[PDB]
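Structure record follows, encoded as structure tokens.
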Amino acid sequence: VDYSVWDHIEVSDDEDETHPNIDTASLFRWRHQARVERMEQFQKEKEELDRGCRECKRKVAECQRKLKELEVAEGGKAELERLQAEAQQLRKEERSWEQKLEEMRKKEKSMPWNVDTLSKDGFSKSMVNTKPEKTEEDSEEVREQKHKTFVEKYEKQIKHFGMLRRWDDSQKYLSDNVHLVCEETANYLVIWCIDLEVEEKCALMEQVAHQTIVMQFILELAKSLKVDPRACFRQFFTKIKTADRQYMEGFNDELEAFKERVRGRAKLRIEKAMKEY
Amino acid sequence: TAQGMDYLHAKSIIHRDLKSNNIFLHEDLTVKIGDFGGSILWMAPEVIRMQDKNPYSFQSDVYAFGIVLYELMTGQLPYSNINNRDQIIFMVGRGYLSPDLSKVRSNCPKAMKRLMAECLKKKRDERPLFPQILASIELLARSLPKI
Amino acid sequence: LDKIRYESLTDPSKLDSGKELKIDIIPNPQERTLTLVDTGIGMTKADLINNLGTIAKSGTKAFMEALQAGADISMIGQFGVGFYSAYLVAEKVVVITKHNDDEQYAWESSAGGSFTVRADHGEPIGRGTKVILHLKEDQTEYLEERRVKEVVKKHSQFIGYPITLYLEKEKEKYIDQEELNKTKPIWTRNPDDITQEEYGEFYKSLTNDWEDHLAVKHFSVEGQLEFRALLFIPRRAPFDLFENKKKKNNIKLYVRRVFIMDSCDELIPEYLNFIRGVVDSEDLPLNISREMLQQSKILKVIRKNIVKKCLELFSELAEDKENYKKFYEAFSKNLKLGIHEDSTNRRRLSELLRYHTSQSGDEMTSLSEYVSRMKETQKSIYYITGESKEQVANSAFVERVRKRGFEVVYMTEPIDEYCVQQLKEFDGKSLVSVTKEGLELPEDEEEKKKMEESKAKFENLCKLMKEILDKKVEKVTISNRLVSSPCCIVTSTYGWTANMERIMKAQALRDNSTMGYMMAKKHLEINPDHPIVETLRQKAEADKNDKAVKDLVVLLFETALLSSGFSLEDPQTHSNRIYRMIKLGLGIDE
Ligand SMILES: Nc1ncnc2c1ncn2[C@@H]1O[C@H](COP(=O)(O)OP(=O)(O)OP(=O)(O)O)[C@@H](O)[C@H]1O
């Protein structure tokens, strides 16, 4: 294990380190412009030394050719001595450029890192997803075809669950439902509860009142809200799960309002009972 | 403002300008240093020096801070009667002037007067380094509330 | 599992003891046991004794180094002390092991100073290993199903292997729930092979939804630090986007497909909160506690890249004018906030704004496209800020700059002031509003002389009117914004403006000492065209001063105060003045 490589990462634009008496934006500007002018200065220096090295190498090739052609020839002892002195001097400044080259090469590892050095792009790809239309809805036919399957696939499950009102089970089952259920069989199940009220099932009747009041509230809130009810349950769940004594008593008085509505629906029920039967 | 600029320069940071418009007086009395557009034409002839293309140094910043704070205490502009940029720069070439001494406040504090007088004697290169200036500021401040 | 999988792709005939791969969980609240059988590679007695019985060493590193130098696998685990964290909540563990070429063995310890191994006979295991535990008495809470499901969802659900559950609920069945992980990762394989629909599918399984997204970006980057992105954009603006409080978990972060941490006060700026995604990578300087990343500068480098390569998508999507309508109506708050607080990328963001102008009845107009059609002599764009669309649609100031065929825009929203306050330029131009210290527009020469004649002829009425009005207004002049109304009110450059005068009062948590200083001084503007102002002149040179002039001037001034959206402090004073004449309307007061 060695983290000595991940220890000199710096940015031109840090936020946590700042001063109470300094402008943050102008400080970003100063840091970035300093960092870029510094890279460009070191750049200029590095192509300067690179072209110095290139001309040094071309002169090395030239002097190698000169030495070869002097070896081919003979009798130029003075010229040979002069070019030997020149070659020794060239070798001396060659160690000069070499020691500074190795110094800068070594200090390259000491240079702090940055984003444009660590990263090189390899891929990218976008998309839009503007698929044609969502739906167009009639008023007559769809009310049956999806309705029947919504009835059989959920009436028994809602009968099974509706026997309880404990909060987290109710919340998660209703989350499943609003992920999957619709409205027609919801209302129609409510009216089955209404016409089954005869058995006087007190806990069942309270939970029936709860489910019908929440579905009615969700539907009116969604309609005035112009949003799909199936995606409108979270704020209700967080409001009713932390419903305190005042909020529960508001629920109780609105339930009393629903209770005179219960008396009204029962009266119309009994009247239709005599009329039909 | 001295504490702020000391902190900024503590990271080897140059400013290249601190023109008196670059200050925002925020809530209460708090300085925010600006960059975008008293000593806007009063810098040292170091600017006019165009040799080796790097005359920039901390000395110009120190002198500019000194003159700017002195004028800000003073409250009015030096050199507003005679204005000839070409003739001013020619006179800078030879026959450069000296600051006027009559233009001084009556209640100039002794420590600050001594510091500003001592700043520039022969060369604008042996200026002191920031935190002892800060110490002089703090001692003069916490040495004359009333007692 | 991965070890044996890679080993298999050398000689597939060696797997003649079991032909599949699976992971299983066995709770048992009778002897209080937590059997955790898997089907990994196995272990031999010698490696067991000389490797497991020693603190702080990984055999994985030695095995990986033994495997050539450079291969094709990305494995996890390099520290070694991971099994010794199993005693945090435990009292006694036993490991049951067997290798294909070894015998059955069991290892036992109880956090003491010694351990035991022993050969055993019983149920035959093919190649897997068992870990069995005795749970503490005080922590008998992790055994039920809901906590286990919650924790497995939270931490590790992306391993592409079948972890399964065998609980027992109500003739009674053996629950074989396999769906613990059934949403394989999508940023791994070749990006081209994916067929659209799972981009719609994966987003739903990401956060519990039944809608679809609006865009996607899937870039990946190599080099030294390597990672991949799976950013999305939601179709519907959440009601609770600003509810905060609950810890923010919009953007996650994985290292080798294992959850580490999540936070978006360093990964992305606050005004881009609505974006989700996966930022998986390969290797980072992690902690011994495998949740924190030391050397926190990395979490600052990643931010630059993420914002840079999201802004490109944002700029690109400005082509289709249909989708841009539904996007701009929903998340405009984010861009309008972001333009306020950012410095590196401001000019680039100065074109994604759409406004309503006075040439487009019910269509938004781009300001960049606005740069096309202006007149030649004109300088700088003209704009107004109001409280309501219709309220500003027909304003008294406009009635002069509208007759000349120019073009203006309406920024009528509280944040619009915040945006327009900071930005002051667009492509060499300036942004100036109508109510800033008497703007003037270049125009024909002959109007100059008559206007200055009104200046030089109406000096006395302008002189004597300031006496009767005490120190409320600064100056009254004749300018060019009035053709159908006598009077109006305009602010000053160094000071506040009318609409933010109400954004500040309406702001809840603020001091009450700030009003003293930066209230903007006020300016009144008169129109020497309405006959009322001329009718004032005859009584001005006729009567030096009396009650009637005071009454009329205070009435007109107080009415003018309402004209610019200012709210009076004593409505009874003006209500009495309006009721004073309706009684003359029917005649006899008394
Ligand atoms: N299920 C297992 N089957 C066989 N050998 C195992 C098993 N788990 C651990 N070992 C062995 O015992 C060692 C204990 O190390 P452990 O796996 O707990 O840590 P690690 O993977 O190196 O680190 P970390 O848990 O931080 O990723 C392993 O390196 C491996 O040699």
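Labels used: A, B, ... for chains in the order of the structure tokens, numbers from 1 for residues in each chain, and numbers from 1 for ligands as shown.
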Going by DSSP on the backbone, which bits of chain B are strand (DSSP E)? Write them as number ranges by chain, please. B: 23-25, 31-33
Which of segment 192-417 of chain C DSSP labels helix (DSSP H, G or I), written as a ChimeraX atom specification: /C:192-193,197-206,270-272,298-316,323-338,367-370,389-393,398-401,414-417
Restrict the distance test to only C-alpha atoms, flag each residue of chain A within 8 Å of chain B, and return the flagged residues as a PyMOL selection string. chain A and resi 19+21-23+26
For the selection just defined, write its residues with N, CA and C atoms to a file, as a PDB file, in the first residue's frame.
ATOM      1  N   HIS A  19     -11.423  33.296   3.105  1.00  0.00           N
ATOM      2  CA  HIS A  19     -11.193  34.255   4.170  1.00  0.00           C
ATOM      3  C   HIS A  19     -12.407  35.159   4.348  1.00  0.00           C
ATOM      4  N   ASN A  21     -12.586  38.201   4.726  1.00  0.00           N
ATOM      5  CA  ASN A  21     -12.376  39.536   4.180  1.00  0.00           C
ATOM      6  C   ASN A  21     -11.882  39.507   2.739  1.00  0.00           C
ATOM      7  N   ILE A  22     -12.161  38.436   1.999  1.00  0.00           N
ATOM      8  CA  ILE A  22     -11.642  38.266   0.647  1.00  0.00           C
ATOM      9  C   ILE A  22     -12.785  37.864  -0.275  1.00  0.00           C
ATOM     10  N   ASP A  23     -12.796  38.426  -1.483  1.00  0.00           N
ATOM     11  CA  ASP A  23     -13.803  38.081  -2.479  1.00  0.00           C
ATOM     12  C   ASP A  23     -13.486  36.718  -3.077  1.00  0.00           C
ATOM     13  N   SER A  26     -13.192  36.656  -7.243  1.00  0.00           N
ATOM     14  CA  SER A  26     -11.946  37.228  -7.738  1.00  0.00           C
ATOM     15  C   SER A  26     -10.756  36.370  -7.334  1.00  0.00           C
TER      16      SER A  26
END
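With only C-alpha atoms and all ligand atoms counted, the chains near ligand 1 contribute these residues within 6 Å: residues 42, 43, 52, 58, 59, 60, 77, 78, 79, 80, 81, 82 and 83 of chain C.
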Give me the residues near residue 257 of chain C as a list in words, where near means some atom within 9 Å (using only C-alpha atoms) and where sequence neighbours in that chain fewer than 6 positions away do not count. residues 156, 158, 159, 185, 280, 281 and 282 of chain C
Taking C-alpha atoms for each residue, export the selection above as a compact mmCIF listing (two decimals), in the first residue's frame.
# COMPACT_ATOMS: atom_id res chain seq x y z
CA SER C 156 -25.42 -4.05 -1.71
CA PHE C 158 -26.07 -4.64 -7.51
CA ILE C 159 -23.99 -7.82 -7.28
CA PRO C 185 -26.06 -2.89 -13.83
CA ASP C 280 -19.08 4.07 -10.16
CA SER C 281 -15.28 3.92 -10.40
CA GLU C 282 -12.50 1.35 -9.93
Interface rows for chain A against chain C: nearest pair, Å to one decimal, 6 Å, only C-alpha atoms, as JSON lines:
{"residue": "A:118", "atom": "CA", "partner": "C:224", "partner_atom": "CA", "distance": 5.7}
{"residue": "A:119", "atom": "CA", "partner": "C:223", "partner_atom": "CA", "distance": 5.0}
{"residue": "A:120", "atom": "CA", "partner": "C:223", "partner_atom": "CA", "distance": 5.5}
{"residue": "A:121", "atom": "CA", "partner": "C:221", "partner_atom": "CA", "distance": 4.9}
{"residue": "A:122", "atom": "CA", "partner": "C:221", "partner_atom": "CA", "distance": 5.3}
{"residue": "A:123", "atom": "CA", "partner": "C:220", "partner_atom": "CA", "distance": 5.4}
{"residue": "A:124", "atom": "CA", "partner": "C:219", "partner_atom": "CA", "distance": 3.8}
{"residue": "A:125", "atom": "CA", "partner": "C:218", "partner_atom": "CA", "distance": 5.6}
{"residue": "A:126", "atom": "CA", "partner": "C:217", "partner_atom": "CA", "distance": 4.8}
{"residue": "A:127", "atom": "CA", "partner": "C:216", "partner_atom": "CA", "distance": 5.7}
{"residue": "A:128", "atom": "CA", "partner": "C:215", "partner_atom": "CA", "distance": 5.0}
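Of the residues under consideration (B:133, B:108, B:41, B:144), B:41 shows the shortest atom-to-atom contact distance to residue 84 of chain B when counting only C-alpha atoms.
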Would you kindly return, as a PyMOL selection string, each protein, DNA or RNA residue with an atom no farther than 9 Å from any atom of residue 255 of chain A, considering only C-alpha atoms and excluding same-chain residues fewer than 3 positions away? chain A and resi 209-210+213+250-252+258-260
For the residues selected in the previous step, produce a file with C-alpha atoms as a PDB file, in the first residue's frame.
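Listed below is the output, result-v3.pdb:
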ATOM      1  CA  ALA A 209     -64.607   5.196   6.454  1.00  0.00           C
ATOM      2  CA  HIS A 210     -60.832   5.682   6.533  1.00  0.00           C
ATOM      3  CA  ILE A 213     -62.193   9.360   3.005  1.00  0.00           C
ATOM      4  CA  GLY A 250     -59.409  17.537  12.745  1.00  0.00           C
ATOM      5  CA  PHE A 251     -59.623  14.070  11.223  1.00  0.00           C
ATOM      6  CA  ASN A 252     -62.347  13.233  13.749  1.00  0.00           C
ATOM      7  CA  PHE A 258     -68.416  12.175   6.616  1.00  0.00           C
ATOM      8  CA  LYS A 259     -70.738  10.733   9.257  1.00  0.00           C
ATOM      9  CA  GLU A 260     -73.665  12.963   8.372  1.00  0.00           C
TER      10      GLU A 260
END
